[PDB]
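Trainee: Below is the sequence, then the experimental coordinates.
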Amino acid sequence: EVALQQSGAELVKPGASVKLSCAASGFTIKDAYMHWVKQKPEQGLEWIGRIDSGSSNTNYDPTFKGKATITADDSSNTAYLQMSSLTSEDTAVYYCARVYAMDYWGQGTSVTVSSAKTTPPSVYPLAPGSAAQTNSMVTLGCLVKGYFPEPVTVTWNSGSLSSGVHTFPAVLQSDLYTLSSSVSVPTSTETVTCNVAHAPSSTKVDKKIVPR
Amino acid sequence: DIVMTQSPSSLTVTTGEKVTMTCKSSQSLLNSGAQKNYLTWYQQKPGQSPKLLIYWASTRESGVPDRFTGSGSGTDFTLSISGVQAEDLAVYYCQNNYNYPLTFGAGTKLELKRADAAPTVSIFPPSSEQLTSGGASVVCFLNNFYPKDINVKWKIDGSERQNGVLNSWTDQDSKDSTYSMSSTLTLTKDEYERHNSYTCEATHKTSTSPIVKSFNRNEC
């Protein structure tokens, strides 16, 4: 049925060129026109161009001309987006669509351009202290520093802490990211661990936070 | 090209009220033929693709709630969500589907009005391990506050260190319509050890003075 099969994600090195496929179903691309859309991180939506298969037409955005070459294998119902000599700015999500406006957007393929290698994260427990004379609040955290590529998975006590929990965005510190995770617990005495998971490097680390 | 202009980037919305977003354009999107304005209306959410709410300026799409209404004529159009819900908290873009190339606008985001909350600031000295790795980050959690605005300030021994600070902000919360943030000023072991005090100086709307959360390399 009307479906737009993308990829989800791809890590291209810088300078390189990458083609992204987009398998269609429920309709024949041949009798339609695939669109390609660029969504940059934390930014807005922006059109690339669209291959009008049937009439052979395919018009771009002057602001994309050489970089993107939009093609389309009629006998695979896949439409294509070629990305040429990639840079940072080419790092964003690439949508498949049929934006006469229709709704029909694929899943998206996040493309990360980066000369970095899949590096294992570094987990440090932010233990606190500050015991008055019973007079206290309680909150702690974890620090997943430097690893590649995204994403990573922080959980506390394997899913007993959630509310009172927080998990801010992995900021980039030169090809590596760093993610903070905060958990407020009422005053107790026993274990508040931070399980960390990174599928890439095939890593999993459960950092118990013992007081300092 | 046709420039889609839609303000503000964000609009503070109260639950159950009637919000009205606006869009405007350079060329007219009116199609003297069909006589209908070639303007779509999308909504986007963190981790989703856009969703088509209205087309032809005011024609609802199969599944958009009746509480969503299109309007506008010429260059000036609006998205009125009357009876605003929590699922309606998302970004709203207006696109041109009139001419090529296809231009969307920038978006207006809805943030649910909670009531001012003072950040619950906490600072953490580097971990044992953080230091074997020749480095030392000092994390501060400015959790749970309202409104979104607040400026932190780092400083070793009384003097502001505006360097090595990563601030990971956080999109409004669902349950409490609250904000958090994570500023961490990373240093080298010997940078961290050639000093004593470290402070997290949060300036926010609630208090009529700065929030202090200093730690001192040597306390225990």
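Mentor: Yep, it's here. Residues are numbered from 1 along each chain as shown, chains lettered A, B, ... in the order given.
Trainee: Going by C-alpha atoms from here, please, whenever you check contacts or count neighbours.
Mentor: OK.
Trainee: Surely residue A:21 and residue A:83 touch.
Mentor: No - counting by C-alpha atoms under 8 Å, residue A:83 is not a contact partner of residue A:21; they are 11.3 Å apart.
Trainee: Next up, the contacts around the closest residue to residue A:46 other than its chain neighbours.
Mentor: Residue nearest to residue A:46 in three dimensions, not counting chain neighbours: residue A:38, with 5.0 Å by C-alpha to C-alpha, 6 or more residues apart in numbering or on different chains. For residue A:38, the contact set (C-alpha atoms under 8 Å, 6 or more residues apart in numbering or on different chains) comprises A:45-48, A:92-95.
Trainee: Quick one: those residues as JSON lines, columns for secondary structure, neighbour count and distance to residue B:150 too.
Mentor: Below are the contacts of residue A:38 laid out as JSON lines (DSSP: H, G, I helix; E, B strand; the rest coil; neighbours: other C-alpha atoms under 10 Å in any protein chain shown; distance: C-alpha to C-alpha, whole Å):
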{"residue": "A:45", "secondary structure": "strand", "neighbour count": "21", "distance to residue B:150": "28"}
{"residue": "A:46", "secondary structure": "strand", "neighbour count": "20", "distance to residue B:150": "31"}
{"residue": "A:47", "secondary structure": "strand", "neighbour count": "22", "distance to residue B:150": "35"}
{"residue": "A:48", "secondary structure": "strand", "neighbour count": "24", "distance to residue B:150": "37"}
{"residue": "A:92", "secondary structure": "strand", "neighbour count": "19", "distance to residue B:150": "28"}
{"residue": "A:93", "secondary structure": "strand", "neighbour count": "21", "distance to residue B:150": "30"}
{"residue": "A:94", "secondary structure": "strand", "neighbour count": "28", "distance to residue B:150": "33"}
{"residue": "A:95", "secondary structure": "strand", "neighbour count": "29", "distance to residue B:150": "35"}
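Trainee: picking that back up, what helix or strand is the residue nearest to residue A:46 on?
Mentor: In the assignment (DSSP states H and E), residue A:38 maps to strand A:34-39.
Trainee: what's the distance between that strand and the middle of its chain?
Mentor: Centroid separation between strand A:34-39 and its chain, computed with C-alpha atoms, centre = their mean, to the nearest Å, is 17 Å.
Trainee: Those residues of chain B touching chain A, which are they?
Mentor: B:38, B:40, B:48-52, B:55, B:97, B:101-107, B:124-127, B:129-130, B:139, B:141, B:166-170, B:180-182, B:220 (C-alpha under 8 Å from any C-alpha of the partner chain).
Trainee: Not counting sequence-adjacent ones, nearest residue to the most centrally placed residue in chain B?
Mentor: When chain B is reduced to its mean C-alpha position, the nearest residue by C-alpha atoms, centre = their mean turns out to be residue B:171, at 5.3 Å. What sits nearest to residue B:171 in space, not counting adjacent residues and going by C-alpha to C-alpha, 6+ apart, is residue B:179, at 6.5 Å.
Trainee: and that neighbour, how far is that from residue B:112?
Mentor: Relative to residue B:112, residue B:179 is positioned 11 Å away (criterion: C-alpha to C-alpha, to the nearest Å).
Trainee: that's a strand at residue A:11, yeah?
Mentor: Yes - Residue A:11 forms part of a strand when assessed by DSSP: H, G, I helix; E, B strand; the rest coil.
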